[PDB]
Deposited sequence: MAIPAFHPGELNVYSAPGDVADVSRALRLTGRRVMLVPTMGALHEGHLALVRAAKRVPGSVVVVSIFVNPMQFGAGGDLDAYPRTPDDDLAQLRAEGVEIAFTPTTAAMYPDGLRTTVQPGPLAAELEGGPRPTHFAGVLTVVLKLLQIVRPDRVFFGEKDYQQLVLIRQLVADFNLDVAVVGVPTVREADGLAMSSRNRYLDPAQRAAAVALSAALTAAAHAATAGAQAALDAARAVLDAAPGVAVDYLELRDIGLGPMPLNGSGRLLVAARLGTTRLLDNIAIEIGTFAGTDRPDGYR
């Protein structure tokens, strides 16, 4: 396959990107992977920028939706402007020629929180991520921290399968009021958008409240969520940073998921208890 350095090369076939990726690595370049479902926003640009600041790196951004917002004219233009040299955009047929066959079965974390009502959801995420990792074989792969449980499951996948890639979590880029960036924010009417600030407001309230201990942190977050119109909370949980089965100590992660109309929003934050 042709590679044009300092231009955006778009590859469809896993074979093409795999050969280009390996050739590059051989000539000393480090391969950075940013896996996406497209519909790119500023948080993705932050993943790319962090990937680009890795010296001698070549950046690969993949755009692929398993089997939703699909806007690839926008997606590609942004990459060219950030100076990304590789977009990997495979077909479903190329990723899944045999359909669903060999799969990743996540540990029990995958049955908690987001996984509780969606029992195969993380199996599907870990299977596609493993496949992207094997196609591309990057040195480092980048994720936003907003989908924190998913990021922890990925660290599990990488440890548990001895995968030779460094996983980089990048702090969640926010709108000016604190709203975690998300593709799905577009689905909020003006009143829902106004109210949605409560998730991030609740979590920062909790993070400062936590000097007074874990119950006070939780109750602060809960009062903010309850003060907000049309916000229905699925969960609000405080956990170890690995998300269990450890009891929380002095440091943890506070996670929330809520529905505004039909739109589910997630957010999370670091929390120190007895602030520390």
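Trainee: What ranges of the deposited sequence, counted from 1, have no C-alpha atoms in this structure?
Mentor: 1-3, 71-81, 291-300 are the stretches of the deposited chain that have no C-alpha coordinates in the structure.
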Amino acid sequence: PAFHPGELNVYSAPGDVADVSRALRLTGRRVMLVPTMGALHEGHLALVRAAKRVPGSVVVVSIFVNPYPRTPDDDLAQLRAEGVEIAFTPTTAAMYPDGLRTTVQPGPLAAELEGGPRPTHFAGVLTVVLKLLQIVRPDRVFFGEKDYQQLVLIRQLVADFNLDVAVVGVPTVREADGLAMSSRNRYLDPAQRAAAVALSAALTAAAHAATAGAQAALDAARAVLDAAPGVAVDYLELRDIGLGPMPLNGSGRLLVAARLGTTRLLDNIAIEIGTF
From here on, numbers count along this sequence of modelled residues.
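In this text, the rigid core denotes the largest set of C-alpha atoms whose superposition between the two forms falls within 1.5 Å.
Trainee: Fitting on the core, do the C-alphas of 40-48 or of 243-251 deviate more in 9 other deposited structures of this protein?
Mentor: Comparing 40-48 with 243-251, the larger C-alpha deviation in 9 other deposited structures of this protein belongs to 243-251.
Trainee: Say the other structures are aligned on the rigid core; which stretch then has the higher CA RMS in 9 other deposited structures of this protein, 200-208 or 114-122?
Mentor: Clearly, after the core fit, the stretch farther away in 9 other deposited structures of this protein is 114-122.
Trainee: Quick one: is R70 left out in at least a third of the other entries we compared?
Mentor: Yes.
Trainee: Mind pulling up the entry and telling me whether 147-155 or 77-85 has the higher mean Cα temperature factor?
Mentor: Higher of the two, by average CA B-factor, is 77-85.
Trainee: Mind pulling up the entry and telling me whether 110-118 or 123-131 has the higher mean Cα temperature factor?
Mentor: That would be 110-118.
Trainee: So if I compare the CA B-factors in the entry for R70, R222, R49, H208, which one is the largest?
Mentor: Among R70, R222, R49, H208, the highest C-alpha B-factor in the entry belongs to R70.
Trainee: Taking the values exactly as deposited, rank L188 by C-alpha B-factor within its chain and report the matching third: lowest, middle or highest.
Mentor: Highest third.
Trainee: Against its chain's modelled residues, does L45's Cα B factor rank lowest, middle or highest third?
Mentor: Middle third by C-alpha B-factor.
Trainee: Just say lowest, middle or highest third for the CA B-factor of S62 relative to the other modelled residues in its chain.
Mentor: For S62, the deposited C-alpha B-factor lands in the lowest third.
Trainee: Lowest, middle or highest third of the chain for the C-alpha temperature factor of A257?
Mentor: Middle third - that is where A257 ends up once the chain's C-alpha B-factors are sorted.
Trainee: Which third of the chain holds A214 when residues are ordered by C-alpha B factor: lowest, middle or highest?
Mentor: Middle third of the chain for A214's C-alpha B-factor.
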